[PDB]
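A.B. asks:
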Amino acid sequence: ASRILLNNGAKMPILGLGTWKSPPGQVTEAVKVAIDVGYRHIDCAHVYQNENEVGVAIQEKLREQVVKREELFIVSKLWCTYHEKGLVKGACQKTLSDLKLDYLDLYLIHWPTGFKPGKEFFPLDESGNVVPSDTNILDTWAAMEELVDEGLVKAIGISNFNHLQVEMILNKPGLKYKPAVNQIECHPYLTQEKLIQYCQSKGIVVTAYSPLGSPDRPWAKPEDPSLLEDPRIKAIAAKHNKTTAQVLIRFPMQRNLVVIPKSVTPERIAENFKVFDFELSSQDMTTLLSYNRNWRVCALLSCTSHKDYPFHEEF
Ligand SMILES: NC(=O)c1ccc[n+]([C@@H]2O[C@H](COP(=O)([O-])OP(=O)(O)OC[C@H]3O[C@@H](n4cnc5c(N)ncnc54)[C@H](OP(=O)(O)O)[C@@H]3O)[C@@H](O)[C@H]2O)c1
Ligand SMILES: Cc1c(S(=O)(=O)c2ccc(=O)[nH]n2)oc2ccc(Cl)cc12
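Residue 264 in the working numbering is what sits at position 166 of the sequence shown, and the numbering runs on without skipping anything.
1. What residue from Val-246, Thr-238 and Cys-178 has the CA that sits closest to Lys-217's CA?
2. Less than 8 Å between the beta carbons of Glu-182 and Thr-233, yes or no?
3. Would you kindly work out how many angstroms separate the C-alpha atoms of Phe-259 and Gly-184, rounded to a whole number?
4. To which residues does DSSP link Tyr-307 through a beta bridge?
5. With 16 other CB atoms within 10 Å as the buried threshold, where does residue 64 fall?
6. Regarding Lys-360 and ligand 1, is the C-beta to nearest heavy atom distance less than 7 Å?
7. Work out the CA separation of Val-345 and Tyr-389 for me, nearest whole Å.
8. Taking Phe-413 as the reference, which of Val-251, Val-165 and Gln-263 has the closest Cα?
9. Taking 7 Å as the cut-off, is the beta-carbon of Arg-366 closer than that to any non-hydrogen atom of ligand 1?
10. Tell me the residue span of the alpha helix (DSSP H) that contains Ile-156.
11. Starting from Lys-292, trace the alpha helix (DSSP H) both ways and give me its first and last residue.
12. Just checking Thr-117 against ligand 2 - is the residue's beta carbon closer than 7 Å to any of the ligand's heavy atoms?
13. Take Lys-109 and list the residues in its own chain whose beta-carbon comes closer than 6 Å to its own, dropping the five residues that flank it on each side.
14. Residue ranges of each alpha helix (DSSP H) run of no fewer than 4 residues wholly in the region 152-219, ordered along the chain?
15. Indicate whether the contact test is met: 3 or more Cβ pairs, each with one atom in the region 240-250 and one in the region 312-329, closer than 8 Å.
16. Rounded to the nearest angstrom, how far is the Cβ of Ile-133 from that of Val-165, given a contact under 8 Å?
17. At the level of alpha carbons, what is the spacing between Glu-224 and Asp-406?
18. Taking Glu-283 as the reference, which of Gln-191, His-404 and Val-357 has the closest Cα?
19. My assumption, with CB atoms under 8 Å, is that residue 444 sits in contact with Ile-235. Please give the rounded CB distance.
20. What do you reckon, are the CB atoms on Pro-210 and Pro-408 nearer than 8 Å?
21. Starting from the C-beta of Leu-293, find all residues in its chain whose C-beta is less than 6 Å away, skip the five residues before and the five after it, and write them out in chain order.
22. Starting from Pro-350, trace the beta strand (DSSP E) both ways and give me its first and last residue.
23. CB of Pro-408 to nearest heavy atom of ligand 2: below 7 Å?
24. Helix, strand or coil for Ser-257 per DSSP?
25. Any idea which residues DSSP pairs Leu-103 with across the strands?
26. Please classify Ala-155 as buried or exposed, where buried requires at least 16 other C-beta atoms within 10 Å of its C-beta.
27. Here's the rule: buried if 16 or more other CB atoms are within 10 angstroms of the residue's CB, otherwise exposed. What is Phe-374?
28. Any idea what DSSP makes of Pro-329, helix, strand or coil?
29. For ligand 2, is there a heavy atom less than 7 Å away from the beta-carbon of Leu-160?
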């Protein structure tokens, strides 16, 4: 099935297009091509600095009547410098304005860590540590709930929250809306079994980011493990007459996850969508899971002293 039912009663496409690092002069075409070849879910964020250009593509495809707005599922994320109650609505509205939308399908707290507001996305002290905000995650959640009640967003969720932080939200006094989604890094080298089971047991849908291991991440080191080049994964793909990327995308789908591979290459955008016509066996799935090594693309390494840094915790 192409969509998963969320705890807000809406359905979310299990395959979406990622847009982190998609250059602004390429992302409009990427999103146009994606919609043309079947994608109905785009993963966005203000911090990616390309929402205007994503929006141009969405608006053109709506105008062309390639798709209806109700058939699209557009996700964005509240950046860390906007955790303050009085800044959340304006951050959401800037994203809506850039994406050329009147509502988002899903709006996520991008990270649990709040930073000092201002122009800088990573405000630093003179010694290089990120400068925190005193705003706690629970008050930021209350501000997210208001966006649902104002009609700006259909669903709210979280991203990069560890198990205890998810629990904190679920245990919030006076909680009005549960998170619909927790978007986390997940691939065969970071399989996330504990966090995924917890979220799924609470009815929170998990989205897997960096499913191909983000080979374009800015801090890649040549010695790092490489999913797309792992001969063991290549062998599973060859057995199924699929590409390694197609296996890497199908894998989270069969764990009841949503998955958001990024590409700006038209052929790969189309490739990555052709994952609804084959099945990995249970043995394939367990074999892929066995490759876990707790290896992260995204460890927010500049924020490790923040009180809310998510990755000291086991999960
Ligand atoms: N919530 C968060 O904190 C967070 C963090 C990280 C990522 N995300 C989201 O998750 C999305 C996906 O993660 P990601 O961008 O880190 O990396 P990814 O999707 O794991 O990998 C993207 C890279 O793989 C390449 N690629 C794509 N399809 C390919 C294929 N079929 N064959 C070979 N190479 C292929 C892309 O190249 P080309 O583009 O050159 O084709 C790009 O270099 C992001 O774009 C963003 O939307 C969210
Ligand atoms: C890692 C990391 C990043 S990132 O790598 O810039 C990133 C990448 C992509 C993205 O979508 N979000 N962030 O930002 C953070 C902010 C707070 C914390 Cl605790 C960790 C990080």
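Note that beta-carbon positions come from the ideal geometry of N, C-alpha and C, so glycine has one too.
C.D. replies: In short, the structure shows the following:
1. Translated into positions along the sequence shown, residue 217 becomes position 119. If you compare the alpha carbons of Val-246, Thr-238 and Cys-178 with that of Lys-217, the shortest gap goes to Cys-178.
2. Stepping through the sequence shown from its first residue, residue 182 is reached at position 84. Stepping through the sequence shown from its first residue, residue 233 is reached at position 135. It is a contact, given that the beta carbons lie within the stated cut-off.
3. For the purposes of this step, residue 259 is taken as residue 161 along the sequence shown, with counting starting at 1. For the purposes of this step, residue 184 is taken as residue 86 along the sequence shown, with counting starting at 1. Each residue's Cα considered, the two are about 22 Å apart.
4. In the sequence shown, counting from the first residue as 1, residue 307 sits at position 209. For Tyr-307, DSSP records a beta bridge to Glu-283.
5. Because the chain here runs from 99 to 413, residue 64 falls outside it and cannot be looked at.
6. As a position in the sequence shown, residue 360 is number 262, starting the count at 1. Yes; taking the cut-off as 7 Å, the Cβ of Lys-360 has a heavy atom of ligand 1 nearer than that.
7. Numbered from 1 along the sequence shown, position 291 holds the residue referred to as residue 389. Numbered from 1 along the sequence shown, position 247 holds the residue referred to as residue 345. The alpha-carbon atoms of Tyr-389 and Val-345 are separated by roughly 14 Å.
8. Translated into the one-based positions of the sequence shown, residue 413 becomes position 315. Check the Cα spacing between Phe-413 and each of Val-251, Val-165 and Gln-263: the tightest is with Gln-263.
9. Locating residue 366 in the sequence shown gives position 268, where the first residue counts as 1. Yes, the Cβ of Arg-366 comes within 7 Å of a heavy atom of ligand 1.
10. The residue you call residue 156 lines up with position 58 of the sequence shown. Per DSSP, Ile-156 belongs to the alpha helix (DSSP H) from 149-161.
11. Counting from 1 along the sequence shown, the entry for residue 292 is found at position 194. Element bounds for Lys-292: 291-299.
12. For the purposes of this step, residue 117 is identified with residue 19 of the sequence shown, where counting begins at 1. If you check the C-beta of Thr-117 against ligand 2, you find no heavy atom less than 7 Å away.
13. The sequence position of residue 109 within the sequence shown is 11, counting from 1. When the five nearest sequence neighbours on each side are left out, the beta carbons in the same chain lying within less than 6 Å of the beta carbon of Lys-109 are those of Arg-101 and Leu-103, in order along the chain.
14. For the region 152-219, whole alpha helix (DSSP H) runs of length 4 or above, ordered along the chain, are 183-197.
15. These segments do not touch.
16. To locate residue 133, count along the sequence shown from 1; it is residue 35. To locate residue 165, count along the sequence shown from 1; it is residue 67. Sure, about 6 Å apart at Cβ, within 8 Å.
17. As a working note, residue 224 is residue 126 in the sequence shown. As a working note, residue 406 is residue 308 in the sequence shown. C-alpha separation (whole angstroms): 21 Å.
18. Position 185 of the sequence shown, counted from the first residue, corresponds to residue 283. Minimum Cα distance to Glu-283 is reached at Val-357.
19. Because the chain in this structure spans residues 99 to 413, residue 444 falls outside the shown range and cannot be described.
20. Stepping through the sequence shown from its first residue, residue 210 is reached at position 112. Stepping through the sequence shown from its first residue, residue 408 is reached at position 310. Yes, the Cβ-Cβ distance between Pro-210 and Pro-408 is below 8 Å.
21. The residue you call residue 293 lines up with position 195 of the sequence shown. Here the set comprises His-261 and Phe-413.
22. Here residue 350 is taken as the residue at index 252 of the sequence shown, counted from 1. Secondary structure note for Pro-350: it is in no beta strand (DSSP E), and the uninterrupted alpha helix (DSSP H) holding it is 342-351.
23. As a working note, residue 408 is residue 310 in the sequence shown. Flag set: Cβ of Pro-408 near ligand 2.
24. In the sequence shown, residue 257 corresponds to position 159, counting from 1. In this structure, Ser-257 counts as strand in the three-state DSSP scheme.
25. On the sequence shown, residue 103 is found 5 positions in, with the first residue counted as 1. According to the DSSP secondary-structure assignment, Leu-103 is paired through a beta bridge with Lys-109.
26. The residue labelled residue 155 in the question sits at position 57 within the sequence shown. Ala-155 is buried by the Cβ-count criterion.
27. Against the sequence shown, residue 374 aligns to sequence position 276. Counting Cβ neighbours within 10 Å, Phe-374 comes out exposed, since fewer than 16 surround it.
28. Locating residue 329 in the sequence shown gives position 231, where the first residue counts as 1. The answer is helix: DSSP assigns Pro-329 an H, G or I state.
29. Working through the sequence shown from its first residue, we reach residue 160 at position 62. No, the beta carbon of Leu-160 sits no closer than 7 Å to any heavy atom of ligand 2.
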